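Here's the structure, in structure tokens; my notes come after.
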Amino acid sequence: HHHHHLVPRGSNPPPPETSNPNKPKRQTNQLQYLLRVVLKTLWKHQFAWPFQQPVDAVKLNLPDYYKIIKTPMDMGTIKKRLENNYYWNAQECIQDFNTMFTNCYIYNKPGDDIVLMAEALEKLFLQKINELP
Ligand SMILES: CCN1C(=O)c2cccc3c(NS(=O)(=O)c4ccccc4)ccc1c23
């Protein structure tokens with residue numbers, strides 16, 4: 001038989017939502033600090049670029065990524081969410097950050113460049129987090 005299964009093709013899931021009209025939302029002073037200060041200084045770090053958008057498993061040759069990561073999260077998502085006032089409180093935002101890092105530590109091994117980048121960003125996340133309103 002001449003059906004060799006070269007289609008159908010792989011793909012990336014839909015990225016996380018950055019808007020939801022029926023979700024409860026607020027601006028709080030903690031959440032403004034998260035956008036204005038915390039997110040805007042991890043974002044500038046030179047180890048932040050792999051985290052600035054969702055994992056494109058196809059362009060990046062990580063075809064197991066989404067077999068392994070079932071709750072993906074990334075700083076580009078977190079940034080749009082904040083820009084859209086998507087969170088009800090700071091806990092929800094922070095919990096998105098923990099997820100992004102946790103995912104990184106789950107998919108990869110200690111010593112990997114990407115783990116070094118995440119740890120650097122985490123260490124720093126935590127510092128900026130301590131000085132919250
Ligand atoms: C941060 C999310 N992420 C990974 O967990 C991961 C593992 C392996 C490669 C890459 C990756 N590929 S990359 O070419 O941009 C890159 C590879 C190694 C080190 C730094 C980036 C981007 C984002 C992630 C990974």
Side-chain angles (χ1 to χ4, degrees):
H1 199 232
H2 304 114
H3 191 31
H4 294 164
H5 317 102
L6 291 166
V7 278
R9 302 297 310 181
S11 34
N12 293 291
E17 48 158 4
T18 53
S19 88
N20 187 348
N22 297 325
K23 195 204 164 282
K25 290 174 212 74
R26 310 190 283 188
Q27 308 211 29
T28 68
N29 289 328
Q30 304 203 310
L31 275 161
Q32 285 173 26
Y33 188 79
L34 279 160
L35 173 61
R36 194 178 55 73
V37 186
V38 170
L39 181 287
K40 269 201 216 311
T41 76
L42 300 200
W43 193 271
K44 283 165 154 84
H45 205 286
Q46 49 140 16
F47 294 173
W49 68 267
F51 302 85
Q52 294 180 358
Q53 61 279 311
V55 164
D56 187 333
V58 176
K59 185 224 182 75
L60 306 175
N61 318 337
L62 299 172
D64 56 346
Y65 190 76
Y66 295 113
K67 305 305 181 173
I68 294 155
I69 306 311
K70 302 314 190 179
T71 58
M73 185 48 65
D74 66 287
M75 291 214 300
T77 293
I78 293 166
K79 182 165 161 283
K80 306 269 172 208
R81 284 177 172 196
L82 283 169
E83 284 174 355
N84 297 359
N85 301 293
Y86 178 93
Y87 302 107
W88 169 267
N89 66 18
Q91 180 272 298
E92 292 188 341
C93 185
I94 292 159
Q95 176 161 10
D96 278 341
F97 275 101
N98 302 332
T99 301
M100 175 185 77
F101 298 120
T102 297
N103 286 338
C104 194
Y105 307 137
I106 288 169
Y107 177 72
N108 303 290
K109 313 210 125 213
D112 298 350
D113 274 351
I114 199 68
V115 178
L116 303 174
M117 291 170 98
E119 282 159 8
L121 294 184
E122 174 171 48
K123 176 234 176 101
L124 201 75
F125 172 65
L126 296 185
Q127 291 169 54
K128 303 259 67 173
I129 276 283
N130 268 315
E131 311 306 318
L132 204 57

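Side chains are part of it too, since the values below use all heavy atoms of this structure and drop only hydrogens, waters and symmetry mates. For the single chain, residues carry numbers from 1 onward in sequence order.
- Rounded to the nearest 0.5 Å, atoms OG1 (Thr18) and CG (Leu82) are 11.5 Å apart.
- In plain terms, the two heavy atoms of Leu34 and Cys93 that are nearest each other are CD1-CB, 3.6 Å.
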Please tabulate, for side-chain N and O atoms in residues 42-52, each donor-acceptor pair with protein atoms closer than 3.5 Å (sequence neighbours left out).
from, atom 1, to, atom 2, distance (Å)
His45, ND1, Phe47, N, 3.1
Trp49, NE1, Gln46, O, 3.4
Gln52, NE2, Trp43, O, 3.3

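- In this structure, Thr71 OG1 and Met100 CE are separated by 12.5 Å, a value rounded to the nearest 0.5 Å.
- Between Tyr107 and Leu62 the shortest side-chain heavy-atom distance falls below 4.5 Å.
- Atom NZ of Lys80 is surrounded by 12 or fewer heavy atoms from other residues, nucleotides or ligands within 6.0 Å.
- A distance of 12.0 Å separates OG1 of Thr99 from CD1 of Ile94, quoted to the nearest 0.5 Å.
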Let me check something: any side-chain donor-acceptor pairs from residues 112-128 under 3.5 Å, sequence neighbours excluded? List them with distances.
from, atom 1, to, atom 2, distance (Å)
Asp112, OD2, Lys109, N, 2.8
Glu122, OE1, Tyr105, OH, 3.1

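- Between the side chain of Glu92 and the backbone N or O of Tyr87 there is no donor-acceptor pair closer than 3.5 Å.
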- Message: Set out, in order, the CA-CA distance, both residues' side-chain angles and the distance that settles side chain to side chain contact (heavy atoms under 4.5 Å, CB included) for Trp88 and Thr28, then state yes or no.
- Response: CA-CA 8 Å; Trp88 169 267; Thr28 68; over 6 Å; no

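- In this structure a side-chain-to-backbone donor-acceptor pair under 3.5 Å is missing from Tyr66 to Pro72.
- For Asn85 (side chain) and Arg26 (main-chain N/O), no donor-acceptor pair under 3.5 Å exists by modelled atom type.
- Without hydrogens or angle criteria, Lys59 side chain to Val55 main chain gives no donor-acceptor distance under 3.5 Å.
- Residues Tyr33 and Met75 are members of one and the same hydrophobic cluster, defined by side-chain heavy-atom contacts under 4.5 angstrom among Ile, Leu, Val, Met, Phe, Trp and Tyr.
- Residue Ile69 holds its CD1 atom at 9.0 Å from SG of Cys104, rounded to the nearest 0.5 Å.
- Expressed to the nearest 0.5 Å, how far CD1 of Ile106 lies from NZ of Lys70 amounts to 12.5 Å.
- Residues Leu31 and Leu35 fail the side-chain proximity criterion, which asks for heavy atoms closer than 4.5 Å.
- Surrounding CG of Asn29 are at most 12 heavy atoms belonging to other residues, nucleotides or ligands under 6.0 Å away.
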- Task: Any chance you could lay out the side chain to side chain contact (heavy atoms under 4.5 Å, CB included) test for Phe97 and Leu39, step after step, and finish with the verdict?
- Result: CA-CA 10 Å; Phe97 275 101; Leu39 181 287; 4.1 Å; yes

Using distance only, find each side-chain donor-acceptor pair of residues 1-17 under 3.5 Å and give its atom names and separation, not counting sequence neighbours.
from, atom 1, to, atom 2, distance (Å)
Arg9, NH1, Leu6, O, 3.0
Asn12, OD1, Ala57, N, 2.7
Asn12, ND2, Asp56, OD1, 3.1
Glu17, OE2, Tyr86, OH, 2.8

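- The OG atom of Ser19 sits 13.0 Å away from the CD atom of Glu83 when rounded to the nearest 0.5 Å.
- Proximity of a side-chain donor or acceptor of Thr77 to a complementary backbone N or O of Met73 within less than 3.5 Å is not detected.
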